[PDB]
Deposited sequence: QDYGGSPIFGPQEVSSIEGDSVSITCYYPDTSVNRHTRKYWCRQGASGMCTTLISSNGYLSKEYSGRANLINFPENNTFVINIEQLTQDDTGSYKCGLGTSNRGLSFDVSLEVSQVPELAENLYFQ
């Protein structure tokens, strides 16, 4: 099935911020479980970059937040100071399991 939903593709420009909302099923277990944002890598693993246990990758020091909103069965990942190096294939999810694939594209600032 389709337990998690979010934005399939997120397009931004260098310097921008994004706010990515992931939706989960309306259950107590899901409201209180670990939430995560991870980047899919060439090895096949999805490396956690931020989680609701308070974990943060050094790649996101000073520029990211993950906020759980149990009151509407969502959580939000905020990512700031984007650069082209943030382009990639990500997942938002619950647990370690339930997840949704997000493609983030960060393009160059257009020439004037």
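Annotation: deposited residues 1-4, 101-103, 120-126 are not represented by C-alpha coordinates in the model.
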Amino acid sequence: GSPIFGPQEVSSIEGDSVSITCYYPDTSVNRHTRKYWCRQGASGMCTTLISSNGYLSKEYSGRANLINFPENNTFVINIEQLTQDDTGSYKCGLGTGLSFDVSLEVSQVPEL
From here on, numbers count along this sequence of modelled residues.
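The PDB entry records a higher mean C-alpha B factor for 97-105 than for its counterpart among 97-105 and 21-29. The PDB entry records a higher mean C-alpha B factor for 36-44 than for its counterpart among 79-87 and 36-44.
Among all modelled residues in its chain, residue 53 ranks in the highest third by Cα B-factor.
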